[PDB]
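By convention in this document, chain letters (A, B, ...) are assigned in the order of the sequence lines, proteins followed by strands, and residues within each chain are numbered from 1. Below, all heavy atoms of this structure are taken into account, side chains as well, without hydrogens, waters or symmetry copies.
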Amino acid sequence: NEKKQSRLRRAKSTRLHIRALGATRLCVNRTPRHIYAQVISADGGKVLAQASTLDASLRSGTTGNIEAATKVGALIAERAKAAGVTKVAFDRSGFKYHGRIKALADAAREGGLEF
Amino acid sequence: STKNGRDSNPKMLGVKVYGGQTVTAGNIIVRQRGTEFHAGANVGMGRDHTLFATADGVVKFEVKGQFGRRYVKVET
Amino acid sequence: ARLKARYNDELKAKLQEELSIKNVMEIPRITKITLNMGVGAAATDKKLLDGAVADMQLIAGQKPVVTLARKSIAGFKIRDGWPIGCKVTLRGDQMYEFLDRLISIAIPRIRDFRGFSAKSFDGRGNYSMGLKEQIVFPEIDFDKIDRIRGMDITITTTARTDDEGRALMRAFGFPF
Amino acid sequence: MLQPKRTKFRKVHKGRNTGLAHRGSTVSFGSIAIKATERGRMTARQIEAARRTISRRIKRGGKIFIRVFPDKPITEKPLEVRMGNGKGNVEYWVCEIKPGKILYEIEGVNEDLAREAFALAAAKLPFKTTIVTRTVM
Amino acid sequence: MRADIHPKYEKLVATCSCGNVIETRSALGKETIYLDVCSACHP
Amino acid sequence: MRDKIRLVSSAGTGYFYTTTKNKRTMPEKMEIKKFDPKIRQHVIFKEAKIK
RNA sequence: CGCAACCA
RNA sequence: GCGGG
RNA sequence: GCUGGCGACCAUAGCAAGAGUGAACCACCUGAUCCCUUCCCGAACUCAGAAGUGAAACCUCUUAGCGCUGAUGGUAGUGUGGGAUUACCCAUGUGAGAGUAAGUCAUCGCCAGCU
RNA sequence: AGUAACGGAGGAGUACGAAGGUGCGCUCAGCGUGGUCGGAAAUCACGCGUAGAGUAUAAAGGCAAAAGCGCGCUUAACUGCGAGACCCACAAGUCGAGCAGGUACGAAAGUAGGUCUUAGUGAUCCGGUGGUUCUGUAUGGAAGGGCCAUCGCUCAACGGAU
Ligand SMILES: C[NH+](C)c1cc(NC(=O)CNC(C)(C)C)c(O)c2c1C[C@H]1C[C@H]3[C@H]([NH+](C)C)C(O)=C(C(N)=O)C(=O)[C@@]3(O)C(O)=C1C2=O
Ligand SMILES: C[NH+](C)c1cc(NC(=O)CNC(C)(C)C)c(O)c2c1C[C@H]1C[C@H]3[C@H]([NH+](C)C)C(O)=C(C(N)=O)C(=O)[C@@]3(O)C(O)=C1C2=O
Ligand SMILES: C[NH+](C)c1cc(NC(=O)CNC(C)(C)C)c(O)c2c1C[C@H]1C[C@H]3[C@H]([NH+](C)C)C(O)=C(C(N)=O)C(=O)[C@@]3(O)C(O)=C1C2=O
Ligand SMILES: [Mg+2]
Ligand SMILES: [Mg+2]
Ligand SMILES: [Mg+2]
Ligand SMILES: [Mg+2]
Ligand SMILES: [Mg+2]
Ligand SMILES: [Mg+2]
Ligand SMILES: [Mg+2]
Ligand SMILES: [Mg+2]
Ligand SMILES: [Mg+2]
Ligand SMILES: [Mg+2]
């Protein structure tokens, strides 16, 4: 509650700026057990692509560490290129950019996503 | 003799372009002290909180968000 | 050091039985202990200004922080943003160590020590003690001591009622 | 005579007294009331005089509810000054009276003694008044 | 914890005057010799 | 009050900026990096007396 | 503190 | 701008 | 049928009061060696995890008590023409605020996972 | 929109190299309950918390992506400009996306041409200082002038008569 409430307060600024820029957004979410990435439209309503640690290719392994995040980043980069999404803005969603989030973002940069 | 004779010059504030009117880029829409109107799409804000059109289109006023803000936007 | 594993191994079932707490998670635990030392005489000298911080860093293993002033109370002769306090927050592996080193090596070391004041719960399981001098501390020595001030201590626990707080403080062997 | 303990501003525009009194028009504190059917101003001196003549008459039995309070300051120029040089000085305070306004209410007194008291008070006021009773809707 | 900011706190054995030798991690830098204890008081 | 001062380019060009400064809360000579347009480059401008 | 110089 | 304090 | 994320919409959606959820998910959680943190503190942030618990929290249900919405009618005001001058009246057009009856314990979309 | 009176109320003739930029973080004021002096009102802890705090400064309009409060690094308090507007007797004033160069911060999308905004000001003439392949009274120089930058007015009766 208090944690999620404060983190969403931290995310609002970047989210409103991304909406004002009118850009495709790579929104990420991180829980102690899993990680998620969604490539979302500029209008904020349509999910153009997605990836997570629930994919029958990462779930059977272990999730919630930096290696699983790198794998998710590679997978979301591929799926986003498949749907014709190249230029994105990274939405860390109130999480610090360092760590698992950074691993996902680096895997996505190397996968072909431009940001 | 009293101590009241002062006032300042007029500032000519207010809505300059109303809803439905066509604008070009750079046209001033609102002269305001604070933000009684907030910039929506294709509308920028100047240092003195002036709302101006950053694109051609028609002006549209709305009430949006959970703070019930008045928004100006330009439809292209 | 001792108190942590003691509560982890002995006091847990004891508290659960004595208080009748069904869920394991909702059992009274100690969350933090904060030692504040208000010193209003700050703009007057430096002995009693950094002496509180040094006495804390001696007593508490962790360094202190300088609590500033939030407003400008005229009758108090303070202005917004001026150092008027000091504090330290012991959380874990040091909070239990402070509880030990104050409840079994310095608890009964003050002159004419009655039991305690056991009606200070703040409507919840959070207790607040008091002290008149640092002489009781087995760390600060009365030779090096100077400009005797006193410290306030507040133990914050994950307790709901004052009864649960009383139980959690008794299991730790309080002065009652 | 009544007066605000303090105000935000010393002097006030003249204004227009127009319309009917739809708010303070119902007997709400007592059993009988005097009600203004005409429009005007009520100085604080008039309020004091009418309260005195009512209270001396009903002889302290029952309570009197004053429902008007003078909160408008009225200025006047000193004698033998010309028309400029700022606004005149405050002299007295008035309450604006719209037709239908309850001025005084009496609780705990029979109807005839209270009507005598209200007739005595009416001769101290600058507008026409009426005697009204409490109803139920 | 920040390292080069805090004080030093090491082990410490406590010799009570009533046979209740204790052990604690404190900042006395020596061996404590207690007179009063949580067993040798009027609590 | 605040005194007027020049910030002269340390690039040889005669370019300068003008600003004000509080002589009591800032007695040392101000040094700040600014764009010289005669060499089209950021250099250091040092304080000098207004002329 | 005084004497003397004053033509945006 | 020249001396005094 | 359930969770998660991102939106639309900004109280007919809220407060207050009850009640339920652990396959999964989510939360609390265990520890901090390492990356990162603390004007002190692994509280927060961060990392490595999976022994527990749905206690708290979230979420989902139920309830008009309060909020919120809200007619109809009347009233106030008012444009034009006319009549009076203490601010009204008449003809015609317009028409609140308050209050009343009543309604509300949301509706909708994209994606993923679990049954 | 504008709108007068010797109508009713108040402010200004500044401040700031950070109180500017940027990235990151934070959220008050008031209540209750406890706690060493310490007490209605200092600092600590816990519960609420209706915007009632704060904003360099008067008031108004704003302020959660806070425009309020901190920390790190910094100089965009840049140069050349500028579509298009607002306001305007003129002279002035105001806002400005975008473009080029050189930057700062940021992983990055980006954000920065001073400060929440609206007061903090003074034309022209005469002259001073820096720069300048503009000019240079036969010619070459120079003096002097021009141009760009900037300095000197309670010219406050503030469009300033000497
Ligand atoms: C539509 N209303 C009922 C609403 C809904 C939500 N919820 C969400 O959107 C997210 N959670 C849901 C969708 C409800 C499950 C809301 O989260 C909110 C609000 C209301 C606003 C009102 C805010 C308001 N001001 C700041 C514009 C205000 O003055 C108050 C107040 N108590 O005075 C508020 O509480 C307000 O700030 C506020 O917190 C709101 C919400 O958070
Ligand atoms: C500061 N913001 C985050 C905020 C938070 C809360 N609520 C809380 O803090 C919640 N309280 C907890 C700590 C959860 C118990 C708030 O409750 C509010 C507000 C904002 C204010 C804004 C107000 C504003 N004006 C008057 C300054 C305003 O004009 C509006 C508006 N919609 O136009 C408001 O809503 C405002 O008046 C208002 O009500 C606020 C809040 O209530
Ligand atoms: C509907 N709005 C206008 C509202 C009104 C009030 N009422 C008052 O404060 C009344 N106070 C008076 C007496 C009028 C001065 C309200 O008291 C509230 C709220 C908003 C709610 C929203 C709550 C919300 N839900 C989903 C739990 C929520 O999640 C948030 C949030 N994410 O910020 C809230 O702020 C919320 O919990 C909350 O506090 C609300 C109100 O308190
Ligand atoms: Mg922020
Ligand atoms: Mg508002
Ligand atoms: Mg009607
Ligand atoms: Mg209505
Ligand atoms: Mg509100
Ligand atoms: Mg002249
Ligand atoms: Mg020549
Ligand atoms: Mg020249
Ligand atoms: Mg003149
Ligand atoms: Mg003039």
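OP1 or OP2 of J/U117 has at least one side-chain nitrogen or oxygen of B/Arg47 nearer than 4.0 Å. The phosphate of I/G49 has OP1 or OP2 within less than 4.0 Å of a side-chain N or O from A/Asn65. In this structure, A/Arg92 reaches the J/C24 phosphate: one of its side-chain N or O atoms is under 4.0 Å from OP1 or OP2.
At a threshold of 4.0 angstrom between heavy atoms, the contacts of A/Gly64 are confined to the sugar-phosphate backbone, with no base atom among them. F/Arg40 comes within 4.0 angstrom of sugar-phosphate atoms only, judged by non-hydrogen atoms across all strands, and of no base. Using a 4.0 Å heavy-atom distance criterion, B/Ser1 is classed as making no nucleic acid contact. A/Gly99 comes within contact range of the sugar-phosphate backbone alone, with a heavy-atom separation under 4.0 Å but no base atom that close. At the heavy-atom level, B/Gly34 lies under 4.0 Å from base atoms of the strands shown. At the heavy-atom level, A/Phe90 lies under 4.0 Å from base atoms of the strands shown. D/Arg39 comes within 4.0 angstrom of a nucleotide base, judged by non-hydrogen atoms across all strands. Across all strands shown, B/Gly14 has no heavy atoms under 4.0 Å from either base or sugar-phosphate atoms. A/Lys102 comes within 4.0 angstrom of nothing in the nucleic acid, heavy atoms only. Residue contacts shown for B/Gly26 include a base, since a base heavy atom lies under 4.0 Å away. Using a 4.0 Å heavy-atom cutoff across all strands shown, A/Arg30 reaches sugar-phosphate atoms only and no base atom. As judged by a 4.0 angstrom heavy-atom cut-off over every strand, B/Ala25 is placed among the base-contacting residues. Counting any heavy atom pair closer than 4.0 Å across all strands shown, A/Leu16 reaches a base atom.
Ranking J/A60, J/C95, I/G7 by closeness to the A/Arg19 side chain, first place goes to I/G7. Picking from I/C26, J/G131, I/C47 the nucleotide with the shortest atom distance to the side chain of A/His34 gives I/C26.
Note: CZ (A/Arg7) to P (I/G5) measures 8 Å, nearest angstrom.
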## Note on the structure
Under a 4.0 Å heavy-atom criterion, the protein footprint on nucleotides 10-18 of chain J, written with B, S and -, is BB--SSBB-

### Task
Assign a letter to each nucleotide of nucleotides 108-115 of chain I from its 5' end: B, base within under 4.0 Å of a protein heavy atom; S, sugar-phosphate only; -, no contact.
-BBBSSS-

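I/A23 adopts a syn glycosidic conformation, its chi angle falling within 90° of 0. The glycosidic torsion of J/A58 lies more than 90° away from 0, which places this base in the anti conformation.
Because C1'-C2'-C3'-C4' is negative for J/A157, its sugar is assigned to the south class.
Stacking of the aromatic ring of F/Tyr15 onto the base of J/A149 is not found under the criterion of centres within 5.5 Å and planes under 30°. Lacking a ring centre under 5.5 Å from that of the base six-membered ring together with a plane angle below 30°, D/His13 does not count as stacked on J/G7.
Under the 5.5 Å and 30° stacking definition, the step from J/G145 to J/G146 qualifies as stacked.
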